[PDB]
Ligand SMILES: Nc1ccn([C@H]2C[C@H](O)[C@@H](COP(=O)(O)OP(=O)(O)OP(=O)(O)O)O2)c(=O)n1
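Single chain ahead, by itself, as structure tokens, in the form deposited without the named molecule.
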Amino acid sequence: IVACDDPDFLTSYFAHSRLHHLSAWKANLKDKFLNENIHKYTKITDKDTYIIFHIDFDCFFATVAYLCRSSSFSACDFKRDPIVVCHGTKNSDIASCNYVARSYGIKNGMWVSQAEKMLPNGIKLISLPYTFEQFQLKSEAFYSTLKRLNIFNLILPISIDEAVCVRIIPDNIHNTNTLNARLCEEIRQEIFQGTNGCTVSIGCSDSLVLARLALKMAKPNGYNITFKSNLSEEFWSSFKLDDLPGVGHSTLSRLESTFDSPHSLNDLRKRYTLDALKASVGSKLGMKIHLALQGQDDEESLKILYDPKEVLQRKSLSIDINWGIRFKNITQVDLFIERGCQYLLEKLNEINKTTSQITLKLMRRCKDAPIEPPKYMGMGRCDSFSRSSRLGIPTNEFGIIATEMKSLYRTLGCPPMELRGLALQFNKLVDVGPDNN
């Protein structure tokens, strides 16, 4: 048990944190892509007609945790039993759940406590531990398999278990549904074999946005092919409003108030006008939804196809620790900030780049929130405070950055005992070049 004033805390937290793991795995895939395309111009161009194959493991952690489960769980049955992956028994996040679990209304991000109430009497919830290293090995087999198929002109990592795979179509070839259905089936069988039993679903279209919706429609363990040509009312009626890219709970809520609670993308499509939509959720998001409702990608999302090296290139660097934060005095806060800065500078020197602007953000207990929140070591209900600082010269010097970071903390005025969360960010990065005179 590692307290936040222990020099080992960051290492233990990050080793246990599935969200940290997902972020680092994602950054590593993006750097790997860059280091492999330092010479290629494998880009998509305006002259290219292309098909999108958007691929994603089904209930990834739960599948892998099951395939690699310990002998204590030998008798657990992935097709019969409700299965979650999590650390604990109560206010512990469900990181993944199998489709047995989901059939009872369990969803990712639920606490185990809430999930247990959703089961009928007599049905027991199976809780598997994380298998982080094997999560990564299955991801290697995934990406290895996609490259070996030699059917994609461009392979874009979205995450450890999800990729957007681009196939250029010569106008010498006439596109058909049967041919894309056969590719989908090959991809699914080769990944199933290559990962020793994980399954993927696949959305296939002539736009990124349709391919992502088709993928949602295709789950679980299936595929769906919906081109712009094939759009119909049954397609749009299949999706909730927050299935759209960039529509979360907050945008969802605004769309409902504005348009009298549409219950499907079809309802939204029939009621909206671009004007009122921009007024509801903003000019850029509104245009994006409007484009999305015609099955069309926006200019921003298309850049990943025409310039993936620039899209995937890292523009900032940060850590966020909003769990386990309980400090008694300012001395312990300063030491934790120094540790965070050290960690971040190891990451910064890995990619050979200086930083010109830093930010400290923190979470502070709401004046009326309990000192000890419902979730053990959780941040609870908090107010956010943030402040940034331009560095004179771009630097990687600990003495400069750490001092400024500790200074930033003092400017935000948070008493150490009220602190519940800390983010440390390098907001602008400058390349290091061969001439340093």
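We call the rigid core whatever largest set of C-alpha positions still superposes within 1.5 Å between the two forms. Numbers for residues come from their place in the sequence shown, where the first is 1. Only residues modelled in both forms are compared.
Same protein, other form: the form deposited with the named molecule bound, not shown, and the subject of what follows.
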Just one of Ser301, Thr145, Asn108, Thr258 has a heavy atom within 4.5 angstroms of the named molecule in the deposited bound form, so which one?
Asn108
State the residue from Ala95, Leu154, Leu241, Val112 whose non-hydrogen atoms include one within 4.5 Å of the named molecule in the deposited bound form.
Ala95
Interface stretch in the deposited bound form with the named molecule - options 99 to 107, 349 to 357, 323 to 331, 261 to 269, non-hydrogen atom within 4.5 Å:
99 to 107
Are any of the heavy atoms in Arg188 no more than 4.5 Å from a heavy atom of the named molecule in the deposited bound form?
no
Evaluate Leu22 for contact with the named molecule in the deposited bound form, applying a 4.5 angstroms cut-off between non-hydrogen atoms, and reply yes or no.
yes
Contact between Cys59 and the named molecule in the deposited bound form at 4.5 Å, heavy atoms?
yes
Is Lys428 one of the residues lying within 4.5 Å of the named molecule in the deposited bound form, judged by heavy atom distances?
no
Do heavy atoms from each of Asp5, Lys367 and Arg420 fall within 4.5 Å of the named molecule in the deposited bound form?
no
Residue by residue through 239 to 276, tell me which have a non-hydrogen atom within 4.5 angstroms of the named molecule in the deposited bound form.
none
Core-aligned, C-alpha shift of at least 2 Å, runs of at least 3 residues: can you list them between this form and the one not shown?
45 to 47
